[PDB]
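Protein sequences, first through last, are from chains H and Y.
The opening position of the first sequence corresponds to residue 11 in UniProt numbering, with each subsequent residue numbered one higher.
The opening position of the second sequence corresponds to residue 11 in UniProt numbering, with each subsequent residue numbered one higher.
Ideal Cβ placement from N, Cα and C applies to all residues, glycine included.
Below is one structure, written out as structure tokens; the observations come after it.
2 protein chains.
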Amino acid sequence: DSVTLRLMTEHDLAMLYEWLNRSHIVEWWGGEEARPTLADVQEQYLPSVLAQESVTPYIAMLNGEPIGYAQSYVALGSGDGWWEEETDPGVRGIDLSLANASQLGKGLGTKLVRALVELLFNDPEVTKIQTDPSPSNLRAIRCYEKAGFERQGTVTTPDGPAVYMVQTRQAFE
Amino acid sequence: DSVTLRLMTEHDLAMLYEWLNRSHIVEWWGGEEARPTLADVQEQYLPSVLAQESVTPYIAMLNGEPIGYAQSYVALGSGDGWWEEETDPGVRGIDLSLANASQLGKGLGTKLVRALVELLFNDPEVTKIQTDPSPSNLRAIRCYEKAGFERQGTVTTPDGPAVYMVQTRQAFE
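Laid out in structure tokens, this is it:
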């Protein structure tokens, strides 16, 4: 049980494309529809395109095996209505939504979160990590808390209410 | 005649490597030194690595042929002491130092500048483009002025004084 992260590179885009075609669920209410093409993936996840939005892509690995995709982003200046009240350039948010996109039968839980937190605090410009799980996602909230995150309350995002959680460098230590 | 820019991808790293061992000048005051390997270049300019620093890499093209490399960056929050007085997330900096690195002949002047500015302003989050040429570089400064930038004065950077120049979305229109 060794969970670790690396930068995602373009060679990973084929793999991500494969994983998104595993994770593809059309719910009865039917957003989604499409189902991504290799070109769709390249277009959305190209590292250079993510760079324009201050997003950094990662591959989460279990025992050297890539099992999912993660992203960190600079909260401040995110746009499309995201994190509009942010003031501090050092806040990084994390997006673990694709962190089991390979559909392993078990999630890397707080181990995954700790490794991402540790990696991000390696950059001296980073002051605090935030994450915004669904208010109904009690298990993810608990995993974040076990990893050192503290619930701050519920915020309205473009995707709806979210439970806003943070870990400062100081708290992390 | 027709200058365009596209996002740089990993495929371009070899070409960039070649351009760099091509426009390679060692100055009497010694620096630059080591001389770049493919590995140095692929490591330093890997788009995912640039993403971690909120830097977007571009390949400048003339009539569909690659002639040089350009980067833009989010000024706010850059660190290593860069742009510490910035407060606006919408500010993007440009770095044209390698924009004629193919050294295939005559340089794209204002045309290049305008195309990079246009591309950045296509992002609604971008409020202002900045550039920081050497104060002795009177010709670069003139090209930036022809392209719509306005001198704001001289600022101290980690690399010494630079002439601070900007073009607001308003001014560009």
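For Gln62(H), the uninterrupted alpha helix (DSSP H) segment begins and ends at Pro57 to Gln62.
Cβ contact annotation for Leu114(H) (same chain, cutoff 6 Å, sequence separation greater than five): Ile77, in chain order. Close CB contacts of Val59(H) within its chain, under the 8 Å cut and outside five residues either way in sequence, are with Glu53 (chain order). Membership of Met25(Y) in any beta strand (DSSP E) is not indicated; the residue belongs instead to the alpha helix (DSSP H) covering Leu23 to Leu30.
Counting only runs of 4 or more residues that sit fully inside the region 103-131 of chain Y, the alpha helix (DSSP H) segments are 120-131, in chain order. A direct Cα-to-Cα measurement between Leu17(H) and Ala181(H) gives close to 25 Å. Within chain H, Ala61 have C-beta atoms less than 9 Å from the C-beta of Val65(Y), given in sequence order. Counting along the chain, the unbroken alpha helix (DSSP H) around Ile151(Y) starts and ends at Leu148 to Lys156.
Three or more Cβ pairs closer than 8 Å define a contact, and the region 143-161 of chain H meets that threshold against the region 119-126 of chain H. When CB distances to chain H are screened at a threshold of 7 Å, the residues of the region 98-116 of chain Y falling below it are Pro99 and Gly100, in chain order. Residue-level contact by beta carbon fails for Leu23(Y) and chain H, as no gap is shorter than 8 Å.
In the three-state reduction of the DSSP assignment, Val51(H) falls in the helix class. Of all alpha-carbon atoms in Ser33(H), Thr141(H) and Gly40(H), the one lying nearest the alpha-carbon of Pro46(H) is that of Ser33(H). Just so you know, the alpha carbons of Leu26(Y) and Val51(Y) end up roughly 8 Å apart.
Boundaries of the alpha helix (DSSP H) around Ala181(Y): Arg179 to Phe182.
With 16 or more other CB atoms across the displayed protein chains lying within 10 angstroms of its CB, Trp93(H) is buried. The three-state reading of DSSP puts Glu20(Y) in helix, counting H, G and I together. The beta-carbon distance between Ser88(Y) and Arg102(Y), rounded to whole angstroms, is 11 Å. This is too long to meet the 8 Å contact definition. DSSP places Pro67(H) in the uninterrupted beta strand (DSSP E) bounded by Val65 to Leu72. Contact annotation: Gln177(H) and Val127(H) have beta-carbon atoms nearer than 8 Å.
Residue range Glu75 to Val84 is occupied by the beta strand (DSSP E) that includes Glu75(Y).
Pairing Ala70(Y) with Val13(Y), the inter-Cα distance amounts to about 7 Å.
One finds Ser58 in chain Y with Cβ atoms closer than 8 Å to the Cβ of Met18(H), taken in chain order.
Closer than 7 Å at the C-beta level to chain H, one finds these residues of the region 65-84 of chain Y: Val65, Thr66, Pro67 and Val84.
Non-local C-beta neighbours of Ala111(Y) in its own chain, meaning closer than 6 Å and more than five positions away in sequence, comprise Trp29, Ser33, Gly78 and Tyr79, ordered along the chain. In the DSSP secondary-structure assignment, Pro171(Y) is bridged to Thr166(Y).
In this structure, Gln62(Y) sits near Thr66(H), with a CB-CB distance shorter than 8 Å. Taking a C-beta distance under 8 Å as the contact criterion, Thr167(H) and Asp142(H) qualify as a contact pair. Assignment of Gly89(Y) by DSSP, reduced to helix, strand and coil, places it in the strand class. Looking at the backbone, the Cα of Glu96(Y) and that of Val173(Y) are separated by about 15 Å.
The beta-carbon of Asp142(Y) is placed no less than 8 Å from the nearest beta-carbon of chain H. Contacts between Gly89(H) and chain Y, judged by CB atoms closer than 8 Å, involve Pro134 and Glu135 in chain order. The Cβ of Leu148(Y) sits no closer than 8 Å to any Cβ of chain H. The three-state secondary structure of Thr97(Y), taken from DSSP, is coil.
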